[PDB]
Every structure is written in structure tokens, then in C-alpha cells.
Chemist: 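Pasting in a structure now, in C-alpha cells, and then I'll have a few things to ask.
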Amino acid sequence: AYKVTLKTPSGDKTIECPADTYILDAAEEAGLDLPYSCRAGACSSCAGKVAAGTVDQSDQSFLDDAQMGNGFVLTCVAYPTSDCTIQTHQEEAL
Ligand code: FES
């Protein structure tokens with residue numbers, strides 16, 4: 001699996017996520033407690049910010065082009081495509 005380093009307000013936690021699993025789902029399977037609501041890619045509750053590595057969030061609808069270009073990600077609909085580092089709890093930085 002890809003190693004996903006979640007940089008959270010309570011420290012960095014690196015977890016495993018296969019290519020076919022959403023970031024948010026892997027984090028909750030690993031025991032993290034990340035923000036979410038709709039789980040459909042249509043809000044900002046689950047927003048993270050990619051510091052390194054790549055994700056595929058092609059089904060997302062809520063972020064604009066500039067936000068995605070700055071690394072923002074909806075973790076509920078994002079698959080990893082490499083080992084990656086994602087700051088969590090980023091909704092208020094949008
Ligand atoms: S929880 Fe709404 S987009 Fe992820």
C-alpha cells in the first residue's frame with residue numbers, strides 16, 4: 001500500500017492506504033478521527049492539503065481549480081497515487 005503521512009493537529013501519523021481506498025476511509029480504519037460530513041465530494045468538511053505526493057480526487061465537485069492547484073484535497077473522495085503527506089483539518093484554511 002501507499003504510505004500516507006497524515007499531518008494532524010495531534011501529530012503526524014503514517015498509515016497504509018491501497019490505491020483503491022479513499023484517504024479518509026483508510027485513516028478511520030487506522031483509528032484516526034478526521035472531520036467529515038457528506039462523504040460525497042460536495043462540501044469542505046474533509047478538506048486536507050497535500051504537502052507531497054499525489055492523489056486522485058477526480059470525482060470531487062466542491063474545490064475550484066485554484067484550490068486544487070494549491071494542494072487542497074477532499075479526503076473523502078481522494079485515492080492516493082503515491083506515498084503522500086496530507087495536512088488534515090484544513091477546511092478553515094480554504
Ligand atoms: S465530507 Fe463533504 S466533501 Fe468530503
Side-chain angles (χ1 to χ4, degrees), residues 1-2 4-12 14-15 17-31 33-91 93-94:
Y2 296 115
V4 179
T5 295
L6 293 172
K7 288 201 171 178
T8 82
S10 58
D12 293 357
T14 296
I15 70 177
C17 188
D20 72 359
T21 298
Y22 292 135
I23 298 292
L24 173 62
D25 301 344
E28 315 287 273
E29 290 163 13
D33 181 20
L34 296 191
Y36 71 94
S37 55
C38 79
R39 299 185 85 105
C43 84
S44 52
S45 291
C46 69
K49 194 184 200 290
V50 182
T54 48
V55 303
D56 176 355
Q57 58 179 338
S58 296
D59 283 337
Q60 80 88 26
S61 53
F62 190 82
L63 300 168
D64 71 31
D65 294 349
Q67 291 166 333
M68 288 186 301
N70 279 318
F72 290 101
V73 54
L74 300 183
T75 58
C76 75
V77 289
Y79 301 108
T81 58
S82 74
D83 286 2
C84 58
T85 297
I86 295 175
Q87 221 149 32
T88 68
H89 298 75
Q90 292 294 115
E91 179 169 39
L94 281 175

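Counting from 1, the numbers follow the sequence of the chain as shown. Remember, it's 1-based here, ligands and their atoms both numbered in the order they're listed. In what follows, every heavy atom counts, from backbone to side chain, and hydrogens, waters and symmetry copies are set aside.
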Chemist: If we ignore hydrogens and angles and just use 3.5 Å, is the side chain of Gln87 paired with the main-chain N or O of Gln90 as donor and acceptor?
Modeler: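 No.
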Chemist: Atoms of ligand 1 less than 4.0 Å from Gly41 heavy atoms?
Modeler: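 Once the distances to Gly41 are compared, the set is 3 (S).
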Chemist: Angle at atom 2 (Fe) of ligand 1: provide the value between SG of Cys43 and SG of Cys38, rounding to 10 degrees.
Modeler: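 My answer is 110°, to the nearest 10°.
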Chemist: Answer yes or no: are there more than 12 heavy-atom neighbours, outside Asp64 itself, under 6.0 Å from its atom CG?
Modeler: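 More than 12 heavy atoms, drawn from other residues, nucleotides or ligands, come within 6.0 Å of this atom.
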Chemist: Give the numbers and elements of all ligand 1 atoms closer than 4.0 Å to a heavy atom of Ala42.
Modeler: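 Counting atoms of ligand 1 from 1, those under 4.0 Å from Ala42 are 3 (S).
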Chemist: Would you please test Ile23 and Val73 for side chain to side chain contact (heavy atoms under 4.5 Å, CB included) and show each step?
Modeler: CA-CA 10 Å; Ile23 298 292; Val73 54; 5.9 Å; no
Chemist: Atoms of ligand 1 less than 4.0 Å from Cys76 heavy atoms?
Modeler: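 Near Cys76, the atoms of ligand 1 are 1 (S), 3 (S), 4 (Fe).
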Chemist: Which atoms of ligand 1 have any heavy atom of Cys46 under 4.0 Å away?
Modeler: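 Under 4.0 Å from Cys46, ligand 1 has these atoms: 1 (S), 3 (S), 4 (Fe).
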Chemist: Please check this pair: side chain of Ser45 against backbone of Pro35, looking for a donor-acceptor N/O pair closer than 3.5 Å.
Modeler: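 Checked: no pair found.
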Chemist: Roughly how far, to the nearest 0.5 Å, is CZ of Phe62 from CD of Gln67?
Modeler: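 These two atoms lie 7.5 Å from each other.
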Chemist: Any idea which atoms of ligand 1 are less than 4.0 Å away from a heavy-atom of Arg39?
Modeler: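 Counting atoms of ligand 1 from 1, those under 4.0 Å from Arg39 are 1 (S), 2 (Fe).
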